[PDB]
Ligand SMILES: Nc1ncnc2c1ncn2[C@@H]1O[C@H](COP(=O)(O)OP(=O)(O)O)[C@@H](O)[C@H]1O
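A single chain comes next, written as structure tokens; it is the form deposited without adenosine-5'-diphosphate (ADP).
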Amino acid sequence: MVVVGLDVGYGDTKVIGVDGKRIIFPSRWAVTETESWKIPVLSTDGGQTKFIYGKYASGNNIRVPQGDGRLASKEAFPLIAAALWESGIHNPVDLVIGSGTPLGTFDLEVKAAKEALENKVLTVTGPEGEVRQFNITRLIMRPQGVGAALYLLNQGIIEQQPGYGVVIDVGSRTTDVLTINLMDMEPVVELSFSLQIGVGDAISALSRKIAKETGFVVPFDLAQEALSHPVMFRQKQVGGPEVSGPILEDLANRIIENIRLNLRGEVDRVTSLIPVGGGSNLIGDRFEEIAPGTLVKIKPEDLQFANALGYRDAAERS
């Protein structure tokens, strides 16, 4: 009855709610033993266990997903609860959730997700002891990358034709490459794959470089900032584009080389190259060299949300 799009990324969790409102928050949570409920405290078991999530999850013992689209995992469950809480959708609300997961283990993760989530009543307790209840009636799933391609098609940004779309999703830990046949919008399994490299490799490389030069061990979140602009750490300015530039080009070069090897001659069928994910803000333009003239640049208002918008579209059309 209420349809929502949900995308639980390794990095960030995105929600498409009612009337096109969007939510995004960091895929992070931490258990709290406070008796308390700006900083919401939630529980899915009536207070036996409580947690804080998003930008407030702090300290030690922060929990994060093992990867993108791991909706059946223990690490994902508090984030799913938090997503539904943040949506503000309220009543026991009957939901259809449109979501997705990487193609390589699509059938396995879809089966697990349905078992974990479908026909379950989720009861979330929050501030002031308020309870919100959600009846998950149906979970509709599409491969990561297909969500984005379907959204772009619906928006008129790409068009069905002979040839392939290649969606390159640069995340923190992995790069998910989904090749789609534009004749029917179906994935080409032989040309779709997951590279174990992402922005975190650039962040680690910049951290090592800072440490080698200054002795400082910069926190991860600060090093990520230092990719785009110089930062202060222990009363010294470190990083920024002069330093991050060559490391980011190296990341791009490795992805491009691996895509070329995997696509081989089929690159000649590529008519649209579609960089998505957080990493594409940093290096997306570089992917044009795989197939000059085919680059589709997603509006910034949409890069982090493109899959979630497609997932929601697919559930609606159910």
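Note that residue numbering begins at 1 and tracks the sequence as displayed. Definition used throughout: the rigid core is the maximal C-alpha set that superposes within 1.5 Å between two forms.
Another form exists, solved in complex with adenosine-5'-diphosphate (ADP); not displayed. Remarks below refer to it.
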Sort through 56-64, 261-269, 42-50, 278-286 and report the only stretch with a non-hydrogen atom within 4.5 Å of adenosine-5'-diphosphate (ADP) in the deposited bound form. 278-286
Exactly one of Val199, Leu152, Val146, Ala83 comes within 4.5 Å of adenosine-5'-diphosphate (ADP) in the deposited bound form through a heavy atom, and that residue is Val199
Under a 4.5 angstroms heavy atom criterion, identify the one residue in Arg173, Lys209, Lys114, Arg132 near adenosine-5'-diphosphate (ADP) in the deposited bound form. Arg173
Are any of the heavy atoms in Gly310 no more than 4.5 Å from a heavy atom of adenosine-5'-diphosphate (ADP) in the deposited bound form? no
Indicate whether adenosine-5'-diphosphate (ADP) has at least one heavy atom within 4.5 Å of a heavy atom of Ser194 in the deposited bound form. no
Residue contact check: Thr294 to adenosine-5'-diphosphate (ADP) in the deposited bound form, 4.5 Å heavy atom: no
Answer yes if any heavy atom of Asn119 is within 4.5 Å of a heavy atom of adenosine-5'-diphosphate (ADP) in the deposited bound form; otherwise answer no. no
For the list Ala112, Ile136, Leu182, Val231, which one shows a CA move of 2 Å or more between this form and the one not shown after the core is fit? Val231
For a quick test of reading the superposition: does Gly215 move by 2 Å or more at the CA between this form and the one not shown, rigid core aligned? yes
So with the core overlaid, does the Cα of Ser244 end up 2 Å or more away between this form and the one not shown? yes
